[PDB]
Every structure is written in C-alpha cells, then in structure tokens.
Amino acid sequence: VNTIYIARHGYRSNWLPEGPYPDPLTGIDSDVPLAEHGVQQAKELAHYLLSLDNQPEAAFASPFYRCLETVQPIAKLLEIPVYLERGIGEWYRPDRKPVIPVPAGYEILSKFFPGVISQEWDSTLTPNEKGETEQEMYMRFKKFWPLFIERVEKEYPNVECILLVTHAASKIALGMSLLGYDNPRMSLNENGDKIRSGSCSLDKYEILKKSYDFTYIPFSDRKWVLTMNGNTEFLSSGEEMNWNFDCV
C-alpha cells in the first residue's frame, strides 16, 4: 500500500434543526443514519473518487451505520469491496452517557447494506468498550496502523491504494499517527495548519518514494506525506461541521 485515502462520513440526521429524529436502525445508541443531505454528499464523494487516476481498490469502514451508508455509493460505483474495521470506529470518552456505543457486526449490517460488505475481514482491534481517554485513543491508532497495514498486505498483496471511512476525531488521529506526530492536537506545520474534517471530507496520504520509478519496505520504515487535506471542493455543500480537538 502506497496511497491511503481517509474520508469522514456524511451529514448526520441528528444535526437537523428539528425532530423527529430517526432512531438507529441497529438499535445501538447514537448509531444514527445520514440525513438526506448527507446521502447526497456521499454520492458526490463517490463521483469524485471515481474520477481519480489513483482510485482506491478496497474500502475499510467504521461499522457505525453512518459510515456504511457513506461508503455504500462509493463501493457500488467503484466496484470495490468493503470491510468492517472496528479499529477505526468512533472515539467515546469514559463516562460518556447514557452508554458507550459499540457498533454492530456483519450479521446485522449486511441486512441493511446487501451485497456491499465482505465478511472475511476481521477487525484489527476493538476500541475499549468502556471508552478511551484522549491519550488512550491516540495509542489505539498508533498500535492500529502497523497491524492493519501488515494484514492488508498479507491478505490483498496486489492492493496499492485503499480508502478508510471514519469519524471526525478518528480521521484526525489516524492522520496524525500515520504522519508520526507526538499527539493529535499539534499543528502540522509552522503555518498552523491542521487536518480538516468536515462531513464527507477527504484526506490523501502517499509514501515518500525510496526508489526511482520489488523491494519490500516494512510499514514502520515508510514515511507518509499528506497530499490532500480535508478536501470538500467536490461537494455542492462545501465544508460543513469541521471538527478539531479544540472542540473538546
């Protein structure tokens, strides 16, 4: 794998100004569906990814419903498999109320998204079901990356470009840990830039090349470069609901 795209799911139903708000179809607390506005964003994200020379060849999704609903049009249009990855699920802190949500598995989600999800992929790890402190959450992602890419490359040796569909904090923490920063709150550079994470925004990471255009490079020896930061130019909505750690 030499290219990684990371997207946030689309606009959430609970963000609309008034109820009634649809109940989670899975029965899981706060596992809400996309707003219609968010389904439109997901379709526009799909069409943008379709247009790329360097398209993802496989998608890994947080098993929260809103992430599956976002990846569905992407997978159908690009004709790529979708794998459930608990490792990139939402960040909940301990004592979050009323409960810490734990997302559903294949048995349940395959009913809502028929023909989309491949069962063969098991999760790389499972976030603490009692929640995670900020430090623990970032450690979750530092641990996740080498285990995850090692498995991807064993299972799908010919896949060079992948997509992850995830949540706001997880998207930023994934990117900051991939890039090797000490913590996810830091700025990227002296300009003060941060990874932007609007709904259906899209990040791209590429490896720094070690040869002129096979020599295996362990994941831990690869240097990644952020080459697209929270792009929403392909959305008719533009950027909505940007989140960063200043929001906590």
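One-based numbering along the sequence shown.
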item	value
Interresidue gap class [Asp213, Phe214; deposited sequence, unmodelled]	10 or more
78-86 or 94-102, whichever carries the higher mean Cα B-factor	94-102
Comparing 148-156 with 117-125, the one whose average Cα B-factor in the PDB entry is higher	117-125
Identity of residue with top Cα B-factor, from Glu69, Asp53, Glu36, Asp31	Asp53
Highest-ranked of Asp203, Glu44, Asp221, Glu206 once sorted by CA temperature factor in the record	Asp221
Third assignment of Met139 from its chain's C-alpha B-factors	highest
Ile217, C-alpha B-factor rank within chain (lowest, middle or highest third)	highest
Chain third (lowest, middle, highest) by recorded CA B-factor, residue given as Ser62	lowest
Within-chain third of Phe245 by Cα B-factor, per the entry	highest
Third of chain Cα B-factors occupied by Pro73	middle
